[PDB]
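First comes one chain, alone, set out as structure tokens in the form solved without the ligand.
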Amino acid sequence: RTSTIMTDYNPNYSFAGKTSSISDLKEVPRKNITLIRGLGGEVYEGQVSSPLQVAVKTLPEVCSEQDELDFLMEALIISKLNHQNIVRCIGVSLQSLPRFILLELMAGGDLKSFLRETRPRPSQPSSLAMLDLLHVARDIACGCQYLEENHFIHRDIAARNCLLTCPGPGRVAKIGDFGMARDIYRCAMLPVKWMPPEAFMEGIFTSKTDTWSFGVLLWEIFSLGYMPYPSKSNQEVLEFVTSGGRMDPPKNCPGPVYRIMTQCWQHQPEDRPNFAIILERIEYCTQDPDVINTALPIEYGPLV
């Protein structure tokens, strides 16, 4: 029932000058939670009792003490963030097994997969437009500004870690995964391709770290979901970036949008813009007819 490792360690978590613990999480009785279908531990669509529709993240019952504490810390982190562009935590069910974290259901799925699947193609020739991409960019930048204002460094701002509320028009993008920040609070897996020169060198992290990563996310968005640094390995990218190398513009990328990327990738953290300035630039692009009237490329495929 109640976790001995969570109860014994009882880690405190501080955010925005306030400290929380496992006792502050909203425990939802297990009887009120029904799993509906798998979505990809693992994640399920669920409902909590018109019941509330949720995403259910599960902790494997076969896991280490460290895995348990990691799951708790994730819960504490997301429960204390409060912004419309960050996925909500409805609550937790930590007193039954397997343990659950209950999250805002994001029916559009992750942003990387969405971009890859919704690329304009002969079957779907106006599936996305530049304004759709600028809206996603603005959405995540708003989330990032919130984190910056509250002195929280995300450390892995990447399309794979962003989610969409729905696939269709009106979609809102949100930051959904906080696993990297969770690991740091308490290598072949490091997100090398999203990291600025000072991070993988000296291990120095500031909010200008997330600015850099956001530049790479912008590239991911305007490329329609390509892996950054085409054809380069992690070590090749590390060497490339640390020597001043930067990605080229994505196919058909408007100049003003590419310029935001290259400002995000300034070598010195001090020369990179904060998120207020990034949002101002994104707004200017959004109001520029020559930007928003630029056609995205069509990826060749069949009509049906």
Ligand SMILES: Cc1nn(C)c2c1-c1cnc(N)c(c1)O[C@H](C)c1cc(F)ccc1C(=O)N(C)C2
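Quick note: we count residues from 1 along the sequence shown, nothing fancier.
Quick note: we don't show the form deposited with the ligand bound, though the next part is all about it.
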> Taking 43, 110 and 176 together, does each of them reach the ligand in the bound PDB entry with some heavy atom inside 4.5 Å?
Replying inline: yes
>> So in the bound PDB entry, is the ligand close enough to residue 104 to count as touching (4.5 Å, heavy atoms)?
In response: yes
> Does at least one non-hydrogen atom of residue 87 fall within 4.5 angstroms of the ligand in the bound PDB entry?
Replying inline: yes
>> Using a 4.5 angstroms cut-off on non-hydrogen atoms, would residue 217 count as touching the ligand in the bound PDB entry?
In response: no
> With the cut-off set at 4.5 Å between non-hydrogen atoms, does residue 28 touch the ligand in the bound PDB entry?
Replying inline: no
> Since exactly one of 163, 199, 134, 224 fits, which has a heavy atom within 4.5 Å of the ligand in the bound PDB entry?
Replying inline: 163
> Of the options 33, 253, 241, 55, which one has a non-hydrogen atom that comes within 4.5 Å of the ligand in the bound PDB entry?
Replying inline: 55
>> Can you tell me which of 224 to 232, 125 to 133, 154 to 162, 191 to 199 lies within 4.5 Å of the ligand in the bound PDB entry, counting heavy atoms only?
In response: 154 to 162
